[PDB]
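K.L.:
The following block contains the structure, expressed as structure tokens.
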Amino acid sequence: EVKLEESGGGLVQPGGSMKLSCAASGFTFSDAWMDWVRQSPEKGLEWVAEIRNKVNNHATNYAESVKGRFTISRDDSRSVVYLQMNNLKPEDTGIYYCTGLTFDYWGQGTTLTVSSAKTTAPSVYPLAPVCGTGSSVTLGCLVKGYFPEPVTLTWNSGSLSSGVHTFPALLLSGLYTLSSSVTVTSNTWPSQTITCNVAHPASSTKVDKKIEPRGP
Amino acid sequence: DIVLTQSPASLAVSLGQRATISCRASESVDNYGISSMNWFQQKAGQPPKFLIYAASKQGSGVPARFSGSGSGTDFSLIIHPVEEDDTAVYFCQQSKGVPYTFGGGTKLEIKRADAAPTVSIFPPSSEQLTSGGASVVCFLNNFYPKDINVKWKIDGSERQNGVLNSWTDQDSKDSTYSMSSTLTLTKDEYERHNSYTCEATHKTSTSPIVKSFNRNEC
Amino acid sequence: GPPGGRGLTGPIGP
């Protein structure tokens, strides 16, 4: 099984700097040609940089839009790729994927936000049904006014996955909002506890909110 | 830069039908008697997955129903028979010349039986009132097709401003969509009026689905 | 020859 994990994404101001890195297992790393690809809504998918193997002189190549600003490099002993990013611009905002064997293998991605804006943690409000069917029952968790992206949201720490719908974030007043909804039976809730867990790693926030019913 | 243009932008294909997605390169991509063209699938919330390489060769474990073909300028990805998990975005990608370049993407929707939503209405949480805000929410869940209207009413009177709607990508299993609608107000403006309705009109349902609460009924 | 480090999706060598 092959695994690529990116880290070192997050918030930083224009002109500043950030070092993304990538941990790689499951394939013979010294031999592998590694790359960074990035994805944003405006530009689509952009190959950012390449680094070839020891046999090919660890040759680097870049997108002309990041030349002499970004630098790609590797440690064949640690099995790790690094992207040093200097004089960062607003267009560099996006999700950075680390890929192996050119684009055979792909990590899950680390999000880079290049904005002068300030971090602003979510407010996580739990939504219980209206006071008063039964055959099923639908609960909600509302996550408002955060920045940057992303957040992560699960129910009972990943246990409840089926019957969930988490909505893509939208910009409401220059800052992000989203929600999630989970549908169960009335034997499940309120017999057993359903907890909406939110994370926002830029502000260091991790909050578990129980779906308490509305009592008059 | 060898530029790729994909077509179409999106299609919607019934189960067990052919899905043909094409890629158009602004220079040839053949190198050493091999066509340097690859295809990627991106399912919602996930990285692109490699599918096809060398125009017509198959990635490992990649289902038989995926297959590509072409040479020189024009390539295509052919999925047949289509299944529910094939709802994704498909990119073609070129690897002869640097920069290595991706198409803008082609969205595959999978057609299924029409299906009416399940509307649920949620007042502001008690926690949110303490905060000095008021977000009324409506979840319209598990419907097809994607096109859906929501209509908010405050004491019967219509309201347009504040309302933001977010849909999910089509489900990989049951091929439906879901949406949230989120009228957001001040505590001051919320508590003036009493009867808050969210009203869902949709292709399936003959009369609109109304869901409401009065602010005090409990 | 085989690719390898290049990858099944990487550019081709003589």
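Chain labels follow the order of the structure tokens: the first chain is A, the next B, and so on; residue numbering restarts at 1 in every chain, and ligands are counted from 1 in their shown order.
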Mind listing as number ranges by chain which residues of chain B are within 8 Å of chain A, counting only C-alpha atoms?
P.N.:
B: 46-50, 99-104, 120-125, 127-128, 139, 164, 166-168, 178-180, 213, 217-218
K.L.:
What residues in chain C have any atom no more than 10 Å from chain B when counting only C-alpha atoms, and can you write them as a list in words?
P.N.:
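Result: residues 7, 8, 9, 10, 11, 12, 13 and 14 of chain C.
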K.L.:
What's around residue 187 of chain A at 10 Å? Count only C-alpha atoms, leave out sequence neighbours fewer than 2 positions away in its own chain, and write the answer as number ranges by chain.
P.N.:
A: 134-137, 184-185, 189-192
K.L.:
Can I get the selection written as a PDB file, in the first residue's frame, with N, CA, C and O atoms?
P.N.:
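Writing the result to again_35.pdb gives the following:
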ATOM      1  N   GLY A 134     -41.030  10.381  13.497  1.00  0.00           N
ATOM      2  CA  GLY A 134     -40.546   9.280  14.335  1.00  0.00           C
ATOM      3  C   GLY A 134     -39.765   8.227  13.563  1.00  0.00           C
ATOM      4  O   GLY A 134     -38.676   7.832  13.990  1.00  0.00           O
ATOM      5  N   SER A 135     -40.315   7.771  12.430  1.00  0.00           N
ATOM      6  CA  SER A 135     -39.693   6.699  11.598  1.00  0.00           C
ATOM      7  C   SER A 135     -38.203   6.924  11.280  1.00  0.00           C
ATOM      8  O   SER A 135     -37.406   5.989  11.284  1.00  0.00           O
ATOM      9  N   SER A 136     -37.859   8.178  10.982  1.00  0.00           N
ATOM     10  CA  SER A 136     -36.478   8.673  11.064  1.00  0.00           C
ATOM     11  C   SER A 136     -36.412  10.067  11.743  1.00  0.00           C
ATOM     12  O   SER A 136     -37.433  10.587  12.204  1.00  0.00           O
ATOM     13  N   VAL A 137     -35.211  10.641  11.833  1.00  0.00           N
ATOM     14  CA  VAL A 137     -34.982  11.906  12.529  1.00  0.00           C
ATOM     15  C   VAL A 137     -33.658  12.481  12.054  1.00  0.00           C
ATOM     16  O   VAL A 137     -32.670  11.764  11.978  1.00  0.00           O
ATOM     17  N   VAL A 184     -30.978   9.510  11.199  1.00  0.00           N
ATOM     18  CA  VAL A 184     -30.959   8.241  11.931  1.00  0.00           C
ATOM     19  C   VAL A 184     -32.401   7.790  12.189  1.00  0.00           C
ATOM     20  O   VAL A 184     -33.316   8.365  11.628  1.00  0.00           O
ATOM     21  N   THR A 185     -32.604   6.735  12.979  1.00  0.00           N
ATOM     22  CA  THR A 185     -33.941   6.364  13.488  1.00  0.00           C
ATOM     23  C   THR A 185     -34.196   6.960  14.887  1.00  0.00           C
ATOM     24  O   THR A 185     -33.223   7.333  15.575  1.00  0.00           O
ATOM     25  N   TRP A 189     -31.634   8.060  18.407  1.00  0.00           N
ATOM     26  CA  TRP A 189     -31.649   9.362  19.068  1.00  0.00           C
ATOM     27  C   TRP A 189     -33.059   9.696  19.571  1.00  0.00           C
ATOM     28  O   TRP A 189     -33.994   9.527  18.793  1.00  0.00           O
ATOM     29  N   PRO A 190     -33.239  10.198  20.809  1.00  0.00           N
ATOM     30  CA  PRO A 190     -32.153  10.607  21.734  1.00  0.00           C
ATOM     31  C   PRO A 190     -31.669   9.550  22.760  1.00  0.00           C
ATOM     32  O   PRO A 190     -31.036   9.928  23.757  1.00  0.00           O
ATOM     33  N   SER A 191     -31.928   8.257  22.510  1.00  0.00           N
ATOM     34  CA  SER A 191     -31.407   7.162  23.357  1.00  0.00           C
ATOM     35  C   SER A 191     -29.898   7.221  23.511  1.00  0.00           C
ATOM     36  O   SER A 191     -29.385   7.244  24.638  1.00  0.00           O
ATOM     37  N   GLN A 192     -29.210   7.275  22.368  1.00  0.00           N
ATOM     38  CA  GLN A 192     -27.759   7.401  22.334  1.00  0.00           C
ATOM     39  C   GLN A 192     -27.331   8.778  21.846  1.00  0.00           C
ATOM     40  O   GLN A 192     -28.034   9.445  21.096  1.00  0.00           O
TER      41      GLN A 192
END
K.L.:
Restrict the distance test to only C-alpha atoms, flag each residue of chain A within 12 Å of chain C, and return the flagged residues as a ChimeraX atom specification.
P.N.:
/A:27-35,50-56,58,99-105
K.L.:
Check the DSSP output for the backbone and give back, as a PyMOL selection string, the residues of segment 120-183 of chain B in alpha helix (DSSP H).
P.N.:
chain B and resi 126-130
K.L.:
With a distance cut-off of 7 Å and only C-alpha atoms, select the neighbouring residues of residue 207 of chain A, excluding the residue or stretch itself and same-chain residues fewer than 4 positions from it, and output the selection as an MDAnalysis selection string.
P.N.:
chainID A and resid 197:199
K.L.:
Do you have the atom CA of residue 132 of chain B-atom CA of residue 202 of chain A distance handy?
P.N.:
24.9 Å
K.L.:
In Å, with one decimal, what is the gap from atom CA of residue 129 of chain B to atom CA of residue 200 of chain A?
P.N.:
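Atom-to-atom, atom CA of residue 129 of chain B and atom CA of residue 200 of chain A are spaced 22.7 Å apart.
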K.L.:
Dump as JSON lines the rows for residues of segment 53-127 of chain B within 7 Å of segment 195-208 of chain B: closest atom pair and distance in Å with one decimal, only C-alpha atoms counted, ordered by chain and rising residue number.
P.N.:
{"residue": "B:114", "atom": "CA", "partner": "B:204", "partner_atom": "CA", "distance": 6.6}
{"residue": "B:115", "atom": "CA", "partner": "B:204", "partner_atom": "CA", "distance": 6.5}
{"residue": "B:116", "atom": "CA", "partner": "B:204", "partner_atom": "CA", "distance": 5.6}
K.L.:
What is the atom CA of residue 185 of chain B to atom CA of residue 113 of chain A distance in Å?
P.N.:
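Interatomic distance here is 28.8 Å.
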K.L.:
Which residues, written as a compact mmCIF listing (two decimals) with C-alpha atoms, in the first residue's frame, have at least one atom at most 8 Å from residue 15 of chain A, with only C-alpha atoms counted and residues fewer than 5 positions away on the same chain left out?
P.N.:
# COMPACT_ATOMS: atom_id res chain seq x y z
CA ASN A 86 9.12 32.49 -1.15
CA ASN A 87 7.52 35.82 -2.18
CA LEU A 88 4.12 34.13 -2.01
CA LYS A 89 1.30 35.70 -4.02
K.L.:
Which residues in segment 84-206 of chain B does DSSP call strand (DSSP E)? List them as a CSV table (one decimal) with N, CA, C and O atoms, in the first residue's frame.
P.N.:
chain,number,residue,atom,x,y,z
B,88,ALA,N,-18.1,11.6,-11.1
B,88,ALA,CA,-16.8,12.3,-10.8
B,88,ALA,C,-16.5,13.4,-11.8
B,88,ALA,O,-17.3,13.7,-12.6
B,89,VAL,N,-15.4,14.0,-11.6
B,89,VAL,CA,-14.8,14.9,-12.6
B,89,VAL,C,-13.6,14.1,-13.3
B,89,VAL,O,-12.8,13.6,-12.6
B,90,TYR,N,-13.5,14.2,-14.6
B,90,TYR,CA,-12.5,13.5,-15.4
B,90,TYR,C,-11.6,14.5,-16.0
B,90,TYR,O,-12.0,15.4,-16.7
B,91,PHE,N,-10.3,14.4,-15.8
B,91,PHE,CA,-9.2,15.2,-16.4
B,91,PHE,C,-8.4,14.4,-17.4
B,91,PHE,O,-8.1,13.2,-17.1
B,92,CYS,N,-8.0,14.9,-18.5
B,92,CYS,CA,-7.0,14.4,-19.3
B,92,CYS,C,-5.7,15.1,-19.0
B,92,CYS,O,-5.8,16.3,-18.7
B,93,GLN,N,-4.6,14.5,-19.2
B,93,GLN,CA,-3.3,15.1,-18.8
B,93,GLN,C,-2.2,14.7,-19.7
B,93,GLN,O,-2.1,13.5,-20.1
B,94,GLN,N,-1.3,15.6,-20.1
B,94,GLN,CA,-0.3,15.4,-21.1
B,94,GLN,C,1.1,15.5,-20.5
B,94,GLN,O,1.3,16.3,-19.6
B,101,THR,N,0.6,19.3,-18.4
B,101,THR,CA,-0.6,20.2,-18.5
B,101,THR,C,-1.9,19.3,-18.3
B,101,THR,O,-2.0,18.2,-18.8
B,102,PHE,N,-2.9,19.9,-17.5
B,102,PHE,CA,-4.1,19.2,-17.3
B,102,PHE,C,-5.2,19.9,-18.1
B,102,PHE,O,-5.2,21.2,-18.2
B,106,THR,N,-14.0,17.5,-17.0
B,106,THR,CA,-15.3,17.2,-17.6
B,106,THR,C,-16.1,16.5,-16.5
B,106,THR,O,-15.7,15.5,-16.0
B,107,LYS,N,-17.3,17.0,-16.1
B,107,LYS,CA,-18.1,16.4,-15.0
B,107,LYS,C,-19.1,15.3,-15.6
B,107,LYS,O,-19.9,15.6,-16.4
B,108,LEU,N,-19.1,14.1,-15.0
B,108,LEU,CA,-20.0,13.1,-15.3
B,108,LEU,C,-21.1,13.0,-14.3
B,108,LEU,O,-20.8,12.8,-13.1
B,109,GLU,N,-22.3,13.3,-14.6
B,109,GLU,CA,-23.5,13.0,-13.8
B,109,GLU,C,-24.1,11.7,-14.2
B,109,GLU,O,-24.2,11.4,-15.4
B,110,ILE,N,-24.6,10.9,-13.2
B,110,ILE,CA,-25.3,9.6,-13.5
B,110,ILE,C,-26.8,9.8,-13.3
B,110,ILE,O,-27.2,10.2,-12.3
B,111,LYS,N,-27.6,9.5,-14.4
B,111,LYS,CA,-29.0,9.7,-14.3
B,111,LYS,C,-29.7,8.5,-13.6
B,111,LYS,O,-29.3,7.4,-13.8
B,118,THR,N,-36.3,15.4,1.1
B,118,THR,CA,-36.8,15.3,2.5
B,118,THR,C,-36.4,16.6,3.2
B,118,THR,O,-35.2,16.8,3.5
B,119,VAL,N,-37.4,17.4,3.4
B,119,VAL,CA,-37.1,18.8,3.9
B,119,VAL,C,-37.2,18.7,5.5
B,119,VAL,O,-38.1,18.1,6.1
B,120,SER,N,-36.3,19.3,6.1
B,120,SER,CA,-36.2,19.5,7.6
B,120,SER,C,-35.8,20.9,7.9
B,120,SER,O,-35.0,21.5,7.2
B,121,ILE,N,-36.5,21.5,8.9
B,121,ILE,CA,-36.4,23.0,9.2
B,121,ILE,C,-35.8,23.1,10.6
B,121,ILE,O,-36.3,22.4,11.5
B,122,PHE,N,-34.9,24.0,10.8
B,122,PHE,CA,-34.1,24.1,12.0
B,122,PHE,C,-34.0,25.6,12.4
B,122,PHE,O,-33.5,26.4,11.7
B,133,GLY,N,-26.8,36.3,17.1
B,133,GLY,CA,-27.2,36.1,15.7
B,133,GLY,C,-28.5,35.2,15.6
B,133,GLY,O,-29.0,34.7,16.6
B,134,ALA,N,-28.9,35.0,14.3
B,134,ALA,CA,-30.1,34.1,14.1
B,134,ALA,C,-30.0,33.4,12.7
B,134,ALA,O,-30.4,34.1,11.7
B,135,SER,N,-29.6,32.2,12.6
B,135,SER,CA,-29.4,31.4,11.4
B,135,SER,C,-30.5,30.3,11.4
B,135,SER,O,-30.5,29.4,12.2
B,136,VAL,N,-31.5,30.5,10.5
B,136,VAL,CA,-32.5,29.5,10.2
B,136,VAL,C,-32.0,28.7,9.1
B,136,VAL,O,-31.6,29.2,8.0
B,137,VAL,N,-32.2,27.4,9.2
B,137,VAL,CA,-31.7,26.4,8.3
B,137,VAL,C,-32.7,25.5,7.7
B,137,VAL,O,-33.7,25.1,8.5
B,138,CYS,N,-32.6,25.0,6.5
B,138,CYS,CA,-33.4,24.0,5.9
B,138,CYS,C,-32.5,23.0,5.1
B,138,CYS,O,-31.8,23.4,4.2
B,139,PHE,N,-32.7,21.8,5.4
B,139,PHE,CA,-32.0,20.7,4.7
B,139,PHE,C,-32.9,20.0,3.8
B,139,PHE,O,-34.0,19.5,4.2
B,140,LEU,N,-32.6,20.1,2.5
B,140,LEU,CA,-33.4,19.4,1.5
B,140,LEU,C,-32.5,18.3,1.0
B,140,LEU,O,-31.5,18.5,0.3
B,141,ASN,N,-32.8,17.1,1.4
B,141,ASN,CA,-31.9,15.9,1.3
B,141,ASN,C,-32.4,14.9,0.3
B,141,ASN,O,-33.6,14.6,0.2
B,142,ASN,N,-31.4,14.3,-0.4
B,142,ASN,CA,-31.5,13.1,-1.2
B,142,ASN,C,-32.5,13.1,-2.4
B,142,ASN,O,-33.2,12.1,-2.6
B,143,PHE,N,-32.4,14.1,-3.2
B,143,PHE,CA,-33.3,14.4,-4.3
B,143,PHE,C,-32.5,14.3,-5.6
B,143,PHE,O,-31.3,14.5,-5.7
B,148,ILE,N,-33.5,22.6,-8.1
B,148,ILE,CA,-34.5,22.7,-7.0
B,148,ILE,C,-34.6,24.2,-6.6
B,148,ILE,O,-33.7,24.9,-6.6
B,149,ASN,N,-35.9,24.5,-6.3
B,149,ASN,CA,-36.2,25.9,-5.8
B,149,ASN,C,-36.5,25.8,-4.3
B,149,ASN,O,-37.3,25.0,-3.8
B,150,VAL,N,-35.9,26.8,-3.5
B,150,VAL,CA,-36.4,27.0,-2.2
B,150,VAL,C,-36.9,28.5,-2.0
B,150,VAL,O,-36.3,29.4,-2.6
B,151,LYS,N,-37.8,28.7,-1.1
B,151,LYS,CA,-38.6,29.9,-1.0
B,151,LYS,C,-38.8,30.1,0.5
B,151,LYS,O,-39.5,29.3,1.1
B,152,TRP,N,-38.3,31.2,1.0
B,152,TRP,CA,-38.4,31.5,2.5
B,152,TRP,C,-39.5,32.5,2.7
B,152,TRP,O,-39.7,33.4,1.9
B,153,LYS,N,-40.3,32.3,3.8
B,153,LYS,CA,-41.4,33.2,4.2
B,153,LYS,C,-41.3,33.5,5.7
B,153,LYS,O,-41.1,32.6,6.5
B,154,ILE,N,-41.5,34.8,6.0
B,154,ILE,CA,-41.5,35.2,7.4
B,154,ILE,C,-42.9,35.9,7.6
B,154,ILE,O,-43.2,36.9,7.0
B,157,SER,N,-45.0,36.5,4.5
B,157,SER,CA,-44.3,37.5,3.6
B,157,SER,C,-43.0,36.9,3.1
B,157,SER,O,-42.2,36.4,3.9
B,158,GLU,N,-42.7,37.1,1.8
B,158,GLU,CA,-41.5,36.6,1.2
B,158,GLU,C,-40.2,37.3,1.6
B,158,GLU,O,-40.2,38.5,1.9
B,159,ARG,N,-39.1,36.6,1.5
B,159,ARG,CA,-37.8,37.1,1.9
B,159,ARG,C,-36.7,36.5,0.9
B,159,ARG,O,-36.7,35.3,0.7
B,164,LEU,N,-28.5,31.8,1.5
B,164,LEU,CA,-27.4,31.2,0.7
B,164,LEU,C,-27.6,29.7,0.6
B,164,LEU,O,-27.9,29.0,1.6
B,165,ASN,N,-27.5,29.1,-0.6
B,165,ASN,CA,-27.7,27.7,-0.9
B,165,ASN,C,-26.4,26.9,-1.3
B,165,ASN,O,-25.6,27.5,-2.1
B,166,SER,N,-26.2,25.7,-0.7
B,166,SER,CA,-25.1,24.9,-1.0
B,166,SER,C,-25.5,23.5,-1.3
B,166,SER,O,-26.2,22.9,-0.5
B,167,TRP,N,-25.2,23.0,-2.5
B,167,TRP,CA,-25.5,21.6,-2.9
B,167,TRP,C,-24.2,20.7,-2.7
B,167,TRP,O,-23.1,21.2,-2.9
B,177,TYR,N,-28.6,14.2,-5.0
B,177,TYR,CA,-28.1,15.4,-4.5
B,177,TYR,C,-28.7,15.7,-3.2
B,177,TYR,O,-29.7,15.2,-2.8
B,178,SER,N,-28.0,16.6,-2.4
B,178,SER,CA,-28.6,17.3,-1.3
B,178,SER,C,-28.2,18.7,-1.2
B,178,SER,O,-27.2,19.1,-1.8
B,179,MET,N,-29.0,19.5,-0.6
B,179,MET,CA,-28.8,20.9,-0.4
B,179,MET,C,-29.1,21.5,1.0
B,179,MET,O,-30.0,20.9,1.6
B,180,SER,N,-28.4,22.5,1.4
B,180,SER,CA,-28.8,23.3,2.6
B,180,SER,C,-29.1,24.7,2.1
B,180,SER,O,-28.5,25.3,1.2
B,181,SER,N,-30.2,25.3,2.8
B,181,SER,CA,-30.5,26.7,2.6
B,181,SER,C,-30.5,27.3,4.0
B,181,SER,O,-31.0,26.8,5.0
B,182,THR,N,-29.9,28.5,4.0
B,182,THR,CA,-29.5,29.2,5.2
B,182,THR,C,-29.8,30.7,5.2
B,182,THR,O,-28.9,31.5,4.8
B,183,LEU,N,-31.0,31.0,5.5
B,183,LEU,CA,-31.4,32.4,5.8
B,183,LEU,C,-30.7,32.9,7.1
B,183,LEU,O,-31.0,32.2,8.2
B,184,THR,N,-29.9,33.9,7.1
B,184,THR,CA,-29.2,34.4,8.3
B,184,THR,C,-29.6,35.8,8.6
B,184,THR,O,-29.4,36.7,7.8
B,185,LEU,N,-30.0,36.0,9.9
B,185,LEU,CA,-30.6,37.3,10.3
B,185,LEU,C,-29.9,37.8,11.6
B,185,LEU,O,-29.0,37.0,12.2
B,186,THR,N,-30.2,39.0,12.1
B,186,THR,CA,-29.9,39.4,13.4
B,186,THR,C,-30.9,38.8,14.4
B,186,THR,O,-32.0,38.5,14.0
B,195,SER,N,-43.6,33.4,12.4
B,195,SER,CA,-43.8,32.1,11.6
B,195,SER,C,-42.8,32.1,10.5
B,195,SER,O,-42.9,32.9,9.6
B,196,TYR,N,-41.9,31.1,10.6
B,196,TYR,CA,-40.7,31.0,9.6
B,196,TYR,C,-40.9,29.7,8.8
B,196,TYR,O,-40.8,28.6,9.4
B,197,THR,N,-41.1,29.9,7.5
B,197,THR,CA,-41.3,28.8,6.6
B,197,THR,C,-40.2,28.7,5.6
B,197,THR,O,-39.7,29.7,5.1
B,198,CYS,N,-39.8,27.5,5.3
B,198,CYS,CA,-39.0,27.2,4.1
B,198,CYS,C,-39.8,26.3,3.2
B,198,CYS,O,-40.3,25.2,3.6
B,199,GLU,N,-39.9,26.6,1.9
B,199,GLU,CA,-40.8,26.1,1.0
B,199,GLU,C,-40.1,25.6,-0.3
B,199,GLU,O,-39.4,26.3,-1.0
B,200,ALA,N,-40.1,24.2,-0.5
B,200,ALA,CA,-39.3,23.6,-1.5
B,200,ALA,C,-40.2,23.2,-2.7
B,200,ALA,O,-41.2,22.5,-2.5
B,201,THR,N,-39.9,23.8,-3.8
B,201,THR,CA,-40.5,23.4,-5.1
B,201,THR,C,-39.5,22.5,-5.9
B,201,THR,O,-38.3,22.8,-5.9
B,202,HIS,N,-40.0,21.5,-6.5
B,202,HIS,CA,-39.1,20.5,-7.2
B,202,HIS,C,-39.9,19.7,-8.2
B,202,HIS,O,-41.2,19.5,-8.0
